[PDB]
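Engineer: One structure coming up, written as structure tokens, with questions to follow.
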Amino acid sequence: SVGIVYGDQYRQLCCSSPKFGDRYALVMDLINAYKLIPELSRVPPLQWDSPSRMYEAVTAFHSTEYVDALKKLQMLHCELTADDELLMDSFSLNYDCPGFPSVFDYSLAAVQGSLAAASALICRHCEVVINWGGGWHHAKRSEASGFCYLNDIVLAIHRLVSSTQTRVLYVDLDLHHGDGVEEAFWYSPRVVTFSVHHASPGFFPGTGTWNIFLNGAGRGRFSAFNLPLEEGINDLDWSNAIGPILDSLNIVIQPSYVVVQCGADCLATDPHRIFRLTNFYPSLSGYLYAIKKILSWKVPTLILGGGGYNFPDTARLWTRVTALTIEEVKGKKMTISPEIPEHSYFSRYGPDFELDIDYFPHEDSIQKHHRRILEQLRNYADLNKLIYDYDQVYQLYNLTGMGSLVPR
Amino acid sequence: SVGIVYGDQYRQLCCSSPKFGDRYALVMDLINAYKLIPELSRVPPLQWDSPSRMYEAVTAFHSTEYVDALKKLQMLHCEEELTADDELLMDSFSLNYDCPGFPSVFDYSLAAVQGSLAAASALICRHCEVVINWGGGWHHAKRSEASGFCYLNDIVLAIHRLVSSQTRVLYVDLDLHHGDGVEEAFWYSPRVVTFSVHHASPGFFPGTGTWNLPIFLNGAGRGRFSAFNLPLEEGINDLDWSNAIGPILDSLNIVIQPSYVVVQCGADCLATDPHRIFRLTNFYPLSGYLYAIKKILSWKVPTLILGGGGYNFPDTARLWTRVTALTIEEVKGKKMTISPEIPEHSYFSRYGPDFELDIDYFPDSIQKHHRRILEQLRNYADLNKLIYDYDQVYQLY
Amino acid sequence: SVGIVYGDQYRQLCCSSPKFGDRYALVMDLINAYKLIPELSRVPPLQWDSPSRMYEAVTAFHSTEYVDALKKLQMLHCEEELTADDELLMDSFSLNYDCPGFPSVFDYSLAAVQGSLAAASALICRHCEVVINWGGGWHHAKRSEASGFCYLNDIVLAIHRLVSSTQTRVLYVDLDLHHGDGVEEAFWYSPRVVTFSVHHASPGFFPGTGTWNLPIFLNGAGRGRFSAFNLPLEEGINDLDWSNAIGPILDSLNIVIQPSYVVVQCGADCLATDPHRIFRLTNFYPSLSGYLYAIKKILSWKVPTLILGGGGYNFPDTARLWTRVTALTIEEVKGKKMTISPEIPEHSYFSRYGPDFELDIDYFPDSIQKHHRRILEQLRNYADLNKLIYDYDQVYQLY
Amino acid sequence: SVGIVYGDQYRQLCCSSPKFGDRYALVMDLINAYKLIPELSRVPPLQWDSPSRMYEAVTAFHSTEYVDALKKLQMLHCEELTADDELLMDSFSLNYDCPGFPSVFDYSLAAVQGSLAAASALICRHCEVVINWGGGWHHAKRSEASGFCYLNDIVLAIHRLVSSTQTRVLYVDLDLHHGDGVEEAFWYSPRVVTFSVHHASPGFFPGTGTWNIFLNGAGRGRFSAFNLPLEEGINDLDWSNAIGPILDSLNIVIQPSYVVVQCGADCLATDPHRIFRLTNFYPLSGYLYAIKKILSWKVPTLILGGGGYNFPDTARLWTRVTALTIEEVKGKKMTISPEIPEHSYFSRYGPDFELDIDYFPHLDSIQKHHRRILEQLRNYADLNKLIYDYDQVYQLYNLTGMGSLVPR
Ligand SMILES: O=C(NO)c1cc2c(Cl)cccc2s1
Ligand SMILES: O=C(NO)c1cc2c(Cl)cccc2s1
Ligand SMILES: O=C(NO)c1cc2c(Cl)cccc2s1
Ligand SMILES: O=C(NO)c1cc2c(Cl)cccc2s1
Ligand SMILES: O=C(NO)c1cc2c(Cl)cccc2s1
Ligand SMILES: O=C(NO)c1cc2c(Cl)cccc2s1
Ligand SMILES: O=C(NO)c1cc2c(Cl)cccc2s1
Ligand SMILES: O=C(NO)c1cc2c(Cl)cccc2s1
Ligand SMILES: [K+]
Ligand SMILES: [K+]
Ligand SMILES: [K+]
Ligand SMILES: [K+]
Ligand SMILES: [K+]
Ligand SMILES: [K+]
Ligand SMILES: [K+]
Ligand SMILES: [K+]
Ligand SMILES: [Zn+2]
Ligand SMILES: [Zn+2]
Ligand SMILES: [Zn+2]
Ligand SMILES: [Zn+2]
């Protein structure tokens, strides 16, 4: 069963932020317009029996002082002293992450959605669950960052990993380094994090690059993987870059769950304009390539949104991801019309009104990164007494003539 | 409120240089040890949405080829020896000798820029009345040249952002060395008045900010008379230094009426700086620095305070800690009581031998310059059609 | 209206190269000798408001560093020999061997750009239905490389301006003896510009492309897949066989693509009397000239069309052909019958047209079936990929 | 007496073109606003006693067929063209850069009327200097419109001057562009020496006035056409240093009976061309420096307009030029307020409302051009049997220590 997080209130809340406007509505209604919704099991967002149980859920990662401040920030904007200002600043509730009347509700909602998704996986109601309202990988224990206020991903992972030798693989496909999730599990071997991203001087947030690579500490050493890529990269190269690494991670780690953040700001048409990925499906979408690969493992999977600042193109991508998940899991062909279907956001898909993003692909190796990452994987396996099947990893990279990159 | 620039990454990068080592960490930890952090609005350093946007920000002052060179210099020091052609490229930008490469030289340099641009932004959006960046203040760097361990000129870029938001900016450079990079950048610009007080003497870095019968150059084009300089002989103490620049600061404020003040507060004027040229102190009963900062903060113009030179790291920290307390006092009107003894913290042992907050120190030409500076100011004011109570300006002397 | 690009300075620049000498002057003077010029609208070469706007126009295709190198090369040839470092620099852009520098290499190259951009503009604003630029058509030049006497690709820049007006689609038809590789490569990834080159190809023959590469034909990539068309032909082909080879392809490209504009490179090196001595086409207008057959066919479509020159190293015979192409264009567009005397009229260059002084050039005059099925399948694939409606047997009927 | 060309109908006509809008009105109204008009002798535009006399005057330079065409073009826009009228217009470049419009012939004629009347005031010695800010259309050819020039008022004016009664005219073209139309008209004539300083670079209009060696006239006109092409970016001082000694040398050797100066304002830093960086500053403006120099010769002088596409800044410069001419010719101090005076075009000088243009000035030498130019001047002097005063020219260049550039 493929689940998808949705609700009337959930939709209203996910659409109440100044930065992301009605993006979530575009996504879900495009998915709706393509008649995908009947194929999916609706996963209702989690609700609690009291403020204290809510508080307990959220402070499983975030500090009590941080959650209180975020509460007050909401309350304040719903009606600031010199000390109110300093309190909010001490949590970076400013600049990139300012208050607005529904800031706490907005932020809580993504947590409700992703915790519910996690719960649906744990009780085996869904093989895969999608939450396009979640995926806020930058929030820290006591700090808002990059439009992220509560880290729904950390909390969903914490629920999975503490369910019941249970390991979680986190795969971050967003343009940006998933610093908040990596940091939360820096000392934990059982959550292996892997972020592919752009990194360069001055580029947000600054981590996931050379320092050598830091890769976890204590019992968490070797458990935080990173692949920084240069700008301009297309679907095929991005696919080749991360494909073998994902399979090798799956072979060695043998995750009980996978969590995938699928931020769409790698699209060629994103306002960032750094990567040149597409949503094309025949020249194949780097995104769809990765998602299909992850789904072929038959490991219970949570698929989350994230970045993506071209709202219609983000909808175009995530609708195809959704159709693909249905195909890969239900074994059911999802034929998607090249023309955007009639619905109330139809006008936002102009001037072409077509499903493919309006981009024309056209045209540096990272083999040392592969070699480095495989050695880290070797070290992770040794530290945690896992089997490092050199045979299967070799044979994998050998499919491209790069078996030599694999350490014994 | 009073803002101050810091962050975890920011701290690591500011401490990544060979020359200034862990100085920034001593300063911030001492500020933290004295409990000043809760009084202050943390200002996060600027980050950008793409490499093009970063280049756009930095090449507002610096040439693109220089920035390319600086970035290549980093990559080279992260893999190596340079070839003859690379050495030649680096030399043509003075990325050599006093300004060598090191593994994180571009990231390190850019950090100061990130810090002081956010500081400027916080002032512009009026989130803070004053912002402190003890990681910034690199006043020697030129359009296409590293100089005086400055690789990128965070001050020029901060000031540019301020004038680009009719805005006039007053730049006050208290460092022991002439603030030539900033002065050169606005040589043709009357909207940014620069004023540096400094030591100058034959062969002393960087050589400018003094007689050039020779005369003082002071700006060109519409920027004529807009660059002010007061060179001072070695040995000057707090009182004489204060009296030297006091009436000038006050007259500049009266006539210019700046929308923003940017202060470079390099601590190499301290009697205990290894330069051993001036004899300023951090004393607060009076410190030249504390006197100047308070005079400037009395104007209640939104103000950026930056670091700079300072090669005795604990004494620099002792100085900038007092400056930070003073700012908290003059802006918020709230009494700050700093213990005379250094509090226990990570770096307590660096504060030997006595572990006091005061530094371990016991303590006509100026009139000529005053008359000259006063005629230049009148000239500037004339040329720019400004209102000047000359009946007032003169009595400051 | 039929436009033609000319001007006194333009003429001087187009005649400043050591390779093509005064060919352009011969062409325009023959056209003038035959009283065609009063029938045509003068299209003046484009000029720019500043160095920056010129650079912006040219670097819409070419890299800045290449344009810089080309301008440096001109200045270096204007003074007294190059240094070792300059030599290296020039070599990295192939500003050597076939494409050396000379005192006005950048102005000369730029002139053809100025003319073909002015031509494109005359079409877009609909001042002219067809525009001729016999100073243009330099199809071998690449983004950062000179090739085959081509320094700046005027055709690519003209086409870019055409598609950048206002789904505008452009059909490029390259009739030169040589494969139009620079144009094809520029639009390799664009479905909006369909390129089609008929040419000689054989081992060792310049530039080497436009043919089998069991090999098979490359034909575009990305969303540009199947959008590059090529028909390579064996040496010795005559007017009639060439016409029949190209005729059905041209007609079906127009049917399927329905272009908004047609850009035609009319390189005259396929002439029997070109010193290449490869193809045996004529300028005959009763067999009938392959060139005139193709142009009449393209003109019959009533699409705003850009006609450019290109190769052609027998200068009087290039003049003879393009004089006839020009007259045909005037006839086909204005409906006005043009009567050209079979003998060369007196004019300043009359001596060059010996020994017989006639307008006709002095000449006594399966594989393509597989190429046709191949090309038809590519066209089917292009239409499929691009959601184009067309028949199936109506397309097939033309064969 | 300093004359200035103006009238009510003249103003309306000069303001009737699509390209130059109401520029002429801004100029004249700013001059009026600074109270300069009472200092100036109004020179009324020339009118004729019959169409045949008008036609005779204009066809002293232009072909009958071009003027016929230009007349027809006006008639047409005062009523679609037939295919052949179109071909007729195209043959005269009455298109693109020089389209027809309702008053195109009246507009073009007006400038001729202004510059001919101006030449006549100089000839009969009514004025020692005459200004025509409606004239200076230096691009127009015998049978061809060019660079929005339709009729060449300058050629017609010069012709009137040079026919009055050893009489030589110096033509000085300060426009950003090469004065090709004037140069070409007098290419074979020694009694009109032309000098143009301008930008020239690949693709820049009109293309001439640069290396071809320099062409410099033919037949009896050999060596009589001078050109100084300059690279982009030049300031007041360098431009001043570039043409000052050449101008003084031209005056010494040629001994003009009249000077005609085209003072096109598109060398201003604030011109949308953005190529040179001249100002109108006056305590120094290149323009003011050149005009002051030319006036110091005490030779009867015609001052004309031309290019200039920042209309307020063109008015700002020509107003200053106008005051300077009054000052220099009458000996009468012309104090001009730094604030723009109240007048109906006051709002066009925002946001500063001051007379100085809104600009902050902030190996590349041409000494070989001086040497080349002085050599040409020597060649001219010999061809025409004139005194080449070596010593005076030497002493002139020796002021700047460059006497060695002067040939014997
Ligand atoms: O998408 C993002 N993270 O996953 C972010 C975007 C931005 C922007 Cl556009 C500005 C500043 C910070 C961030 S984080
Ligand atoms: O066995 C299955 N369907 O009949 C599948 C299970 C899964 C899981 Cl658990 C994850 C991803 C894809 C599939 S298909
Ligand atoms: O702190 C400084 N400038 O503000 C500088 C110190 C030095 C030294 Cl110690 C040697 C060489 C250059 C500089 S710049
Ligand atoms: O108004 C104030 N406190 O109540 C102050 C404002 C400022 C400014 Cl804008 C700059 C520097 C000091 C102060 S105190
Ligand atoms: O006409 C041509 N291309 O369209 C060319 C002729 C030649 C020759 Cl003759 C030698 C080398 C390259 C080329 S390209
Ligand atoms: O519509 C027309 N005449 O009335 C014509 C248009 C064209 C075009 Cl667009 C190209 C070639 C010939 C003609 S005739
Ligand atoms: O001012 C001019 N000549 O003296 C000219 C300007 C232009 C422009 Cl902006 C375009 C095309 C021709 C000309 S001539
Ligand atoms: O003599 C004069 N004023 O008293 C002057 C005559 C001239 C002439 Cl003819 C031309 C330019 C300036 C002056 S000043
Ligand atoms: K990522
Ligand atoms: K981990
Ligand atoms: K200083
Ligand atoms: K200044
Ligand atoms: K061809
Ligand atoms: K194509
Ligand atoms: K000129
Ligand atoms: K002449
Ligand atoms: Zn992102
Ligand atoms: Zn210093
Ligand atoms: Zn050819
Ligand atoms: Zn001009």
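Protein chains in written order, with PDB author numbering: chain B, 2 to 80, 84 to 168, 177 to 223, 232 to 302, 315 to 395, 402 to 446; chain A, 2 to 81, 83 to 167, 177 to 223, 230 to 302, 316 to 393, 402 to 435; chain D, 2 to 81, 83 to 168, 177 to 223, 230 to 302, 315 to 393, 402 to 435; chain C, 2 to 80, 83 to 168, 177 to 223, 232 to 302, 316 to 394, 401 to 446.
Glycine included, every Cβ here is placed at the ideal spot set by N, Cα and C.
Determine contact between the region 283-293 of chain B and the region 337-345 of chain B, defined as no fewer than three beta-carbon pairs at a distance below 8 Å.
Structural biologist: The region 283-293 of chain B vs the region 337-345 of chain B: in contact.
Engineer: Is the separation between the beta-carbon of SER106 (chain D) and that of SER17 (chain D) shorter than 7 Å?
Structural biologist: The sequence position of residue 106 (chain D) within the third sequence is 104, counting from 1. The sequence position of residue 17 (chain D) within the third sequence is 16, counting from 1. Result yes, Cβ atoms of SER106 (chain D) and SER17 (chain D) sit closer than 7 Å.
Engineer: Do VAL133 (chain B) and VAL28 (chain B) come within 7 Å of each other at the CB atom, strictly closer than that value?
Structural biologist: To locate residue 28 (chain B), count along the first sequence from 1; it is residue 27. To locate residue 133 (chain B), count along the first sequence from 1; it is residue 129. Their beta carbons are not under 7 Å apart, which means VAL28 (chain B) does not touch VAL133 (chain B) by this criterion.
Engineer: With H, G and I counted as helix, E and B as strand and the rest as coil, what does DSSP make of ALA61 (chain D)?
Structural biologist: Residue mapping note: residue 61 (chain D) aligns to position 60 of the third sequence, counting from 1. Reduced to three states, the DSSP call for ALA61 (chain D) is coil.
Engineer: From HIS189 (chain A) to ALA211 (chain A), what does the alpha carbon distance come to, in whole angstroms?
Structural biologist: On the second sequence, residue 189 (chain A) is found 178 positions in, with the first residue counted as 1. On the second sequence, residue 211 (chain A) is found 200 positions in, with the first residue counted as 1. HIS189 (chain A) and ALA211 (chain A): Cα-Cα distance of roughly 8 Å.
Engineer: Looking at chain D, is there any beta carbon in it that lies within less than 7 Å of the beta carbon of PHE216 (chain C)?
Structural biologist: As a working note, residue 216 (chain C) is residue 205 in the fourth sequence. Yes - at least one Cβ of chain D is within 7 Å of the one on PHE216 (chain C).
Engineer: Given that residue 398 (chain D) touches chain B, what residues does it touch there, using C-beta distances under 8 Å?
Structural biologist: For chain D, the structure lists 393 followed at once by 402, and that leaves residue 398 (chain D) out of the model.
Engineer: Provide the residue span of the beta strand (DSSP E) that contains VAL158 (chain C), from first to last.
Structural biologist: For the purposes of this step, residue 158 (chain C) is taken as the residue at position 155 of the fourth sequence. Per DSSP, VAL158 (chain C) belongs to no beta strand (DSSP E); it is in the alpha helix (DSSP H), 156-165.
Engineer: Is the separation between the beta-carbon of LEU41 (chain B) and that of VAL6 (chain B) shorter than 7 Å?
Structural biologist: In the first sequence, residue 41 (chain B) corresponds to position 40, counting from 1. In the first sequence, residue 6 (chain B) corresponds to position 5, counting from 1. No.
Engineer: Buried or exposed: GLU374 (chain A), going by 16 or more other Cβ atoms within 10 Å of its Cβ?
Structural biologist: As a position in the second sequence, residue 374 (chain A) is number 344, starting the count at 1. The residue is exposed, with fewer than 16 neighbouring Cβ atoms inside 10 Å.
Engineer: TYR426 (chain A) touches chain C at which residues, Cβ-Cβ below 8 Å?
Structural biologist: Counted from its first residue, the second sequence places residue 426 (chain A) at position 388. The contacting residues do not exist; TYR426 (chain A) stays about 17 Å from chain C at best.
Engineer: Is the region 239-255 of chain C touching the region 211-223 of chain C, taking contact as three or more C-beta pairs under 8 Å?
Structural biologist: Enough Cβ pairs lie closer than 8 Å, so yes.
Engineer: With a threshold of 6 Å, establish whether the CB of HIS209 (chain A) neighbours any heavy atom of ligand 3.
Structural biologist: As a first step, residue 209 (chain A) must be located in the second sequence, where it is residue number 198. Incorrect: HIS209 (chain A) has no Cβ contact closer than 6 Å to ligand 3.
Engineer: Please report how far the alpha carbon of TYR182 (chain B) lies from the alpha carbon of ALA322 (chain B), in whole angstroms.
Structural biologist: Residue mapping note: residue 182 (chain B) aligns to position 170 of the first sequence, counting from 1. Residue mapping note: residue 322 (chain B) aligns to position 290 of the first sequence, counting from 1. Going from the Cα of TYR182 (chain B) to the Cα of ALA322 (chain B) covers about 13 Å.
Engineer: Checking contacts by CB at 7 Å: is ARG179 (chain D) closer than that to chain B?
Structural biologist: Reading the third sequence from its first residue, position 169 is the one you call residue 179 (chain D). So, not an interface residue.
Engineer: Check whether the region 364-372 of chain B touches the region 324-333 of chain B, counting contact only when three or more Cβ pairs, one atom from each stretch, lie closer than 8 Å.
Structural biologist: Verdict: no, contact absent.
Engineer: Give me the residue from C:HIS129, C:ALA196, C:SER167 and C:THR178 with the minimum Cα distance to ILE157 (chain C).
Structural biologist: Position 154 of the fourth sequence, counted from the first residue, corresponds to residue 157 (chain C). Closest by alpha carbon: C:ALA196.
Engineer: Taking the Cβ atom as the reference point for each residue, do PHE295 (chain C) and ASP388 (chain C) lie within a distance shorter than 7 Å?
Structural biologist: Position 276 of the fourth sequence, counted from the start, is the residue given in the question as residue 295 (chain C). Position 356 of the fourth sequence, counted from the start, is the residue given in the question as residue 388 (chain C). No.
Engineer: Name, please, each residue of chain B whose Cβ falls closer than 7 Å to the Cβ of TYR199 (chain D).
Structural biologist: Along the third sequence, read from residue 1 onward, the residue named residue 199 (chain D) stands at position 189. Going along chain B in sequence order, the residues near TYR199 (chain D) (Cβ under 7 Å) are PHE392, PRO393 and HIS394.
Engineer: Could you tell me which residues DSSP pairs with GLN177 (chain B) in its beta bridges?
Structural biologist: Position 165 of the first sequence, counted from the start, is the residue given in the question as residue 177 (chain B). None; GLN177 (chain B) has no bridge partner.
Engineer: Ligand 6 and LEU320 (chain D): does any heavy atom of the ligand fall closer than 6 Å to the residue's C-beta?
Structural biologist: Residue numbering aside, residue 320 (chain D) sits at position 292 when the third sequence is read from its first letter. Checking every heavy atom of ligand 6 against the Cβ of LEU320 (chain D), none is found closer than 6 Å.
Engineer: Verify the contact flag: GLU131 (chain B), CB atom, against every heavy atom of ligand 2, threshold strictly below 6 Å.
Structural biologist: Stepping through the first sequence from its first residue, residue 131 (chain B) is reached at position 127. Yes, the Cβ of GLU131 (chain B) comes within 6 Å of a heavy atom of ligand 2.
Engineer: Could you tell me whether the Cβ of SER315 (chain B) comes closer than 7 Å to any Cβ of chain D?
Structural biologist: Within the first sequence, residue 315 (chain B) is the residue found at index 283, counting from 1. By this cut-off, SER315 (chain B) is an interface position.
Engineer: By the three-class DSSP mapping on this structure, what secondary structure does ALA237 (chain B) have?
Structural biologist: Sequence index remark: in the first sequence, residue 237 (chain B) carries index 217 (1-based). Reduced to three states, the DSSP call for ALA237 (chain B) is coil.
Engineer: Using 8 Å as the cut-off, can you tell me whether the region 251-268 of chain D makes contact with the region 403-415 of chain D, which would need three or more C-beta pairs spanning the two stretches below that distance?
Structural biologist: These segments touch.
Engineer: Would the C-beta of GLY139 (chain B) count as close to ligand 9, meaning under 6 Å from any of its heavy atoms?
Structural biologist: To locate residue 139 (chain B), count along the first sequence from 1; it is residue 135. No, Cβ of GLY139 (chain B) sits at least 6 Å from all heavy atoms of ligand 9.
Engineer: Quick one: residues in its chain with C-beta nearer than 6 Å to the C-beta of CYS79 (chain A), no 5 flanking neighbours on either side, listed in chain order?
Structural biologist: In the second sequence, the residue the question calls residue 79 (chain A) occupies position 78. Taken in chain order, the residues that qualify are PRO105.
Engineer: Mind pulling the chain C residues with CB within less than 9 Å of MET55 (chain D)?
Structural biologist: As a first step, residue 55 (chain D) is located in the third sequence; it is residue number 54 there, counting from the start. Those are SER212, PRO213, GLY214 and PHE215, listed as they occur along chain C.
Engineer: Give me, in chain order, the residues of the same chain whose beta-carbon lies closer than 6 Å to that of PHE343 (chain D); leave out the 5 immediate sequence neighbours on both sides.
Structural biologist: Indexing the third sequence from 1 puts residue 343 (chain D) at position 315. Only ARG24 and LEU27 meet the Cβ criterion.
Engineer: Three or more C-beta pairs closer than 8 Å, one from the region 235-243 of chain D and one from the region 138-145 of chain D: is that the case here?
Structural biologist: Judged by Cβ distances under 8 Å, the region 235-243 of chain D makes no contact with the region 138-145 of chain D, as fewer than three pairs qualify.
Engineer: To the nearest angstrom, how far is the alpha carbon of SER200 (chain C) from that of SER207 (chain C)?
Structural biologist: Along the fourth sequence, read from residue 1 onward, the residue named residue 200 (chain C) stands at position 189. Along the fourth sequence, read from residue 1 onward, the residue named residue 207 (chain C) stands at position 196. Looking at the two C-alpha atoms, the distance is approximately 16 Å.
Engineer: Just mark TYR99 (chain D) as buried or exposed, buried being the case when its beta carbon has 16 or more other beta carbons within 10 Å.
Structural biologist: Taking the first residue of the third sequence as 1, we reach residue 99 (chain D) at position 97. Exposed, since its Cβ has fewer than 16 Cβ neighbours within 10 Å.
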